């Protein structure tokens, strides 16, 4: 297992977690802060609980030594959280950035859908290929995904909430460079 290329680094803008939208008290910066909690002691999670769109994406924009960098990516791990109102999503696509335009850091990363940004244009994304995933997603553990290696500025997971919940919930993601 190589470098963790998703963790926040102190005094560095990158790498940076981003989301299309969020529950304001559950900001998307929670998914790469190296805290993992499946309860409220402490509560630590991104969610879109009680937001208007049932679908939302969460992603990592990559960095090397403080500045923007393409990374070679073939994996993703997601720790889904559940309670009475949030849970793992009923469906998901895992996508990577292909835009010719070099992406900038969003101004408000927890709510990328609310500003003009390359991430909001679906022509800038393609699905990963030859995905290996769990047969069923589970809250309460890191769910591991792998796929064909790609050189990208960013990957995201785009998710629709389960019908019996008010949002999707993630305590932490982790992405690793090749050994």
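Numbering follows the first chain given and starts at 1.
In this entry, 144-152 has the higher mean Cα B-factor, the comparison being between 28-36 and 144-152. Among the modelled residues of its chain, residue 3 has a C-alpha B-factor that falls in the highest third according to the deposited record. Per the deposited record, the Cα B-factor of residue 175 falls in the middle third when ranked against the other modelled residues of its chain. Residue 48: CA B factor lies in the lowest third for its chain, per the PDB record. Among the modelled residues of its chain, residue 167 has a C-alpha B-factor that falls in the lowest third, as given in the PDB entry. For residue 157, the recorded CA B-factor ranks within the lowest third of the chain. Only modelled residues enter the ranking.
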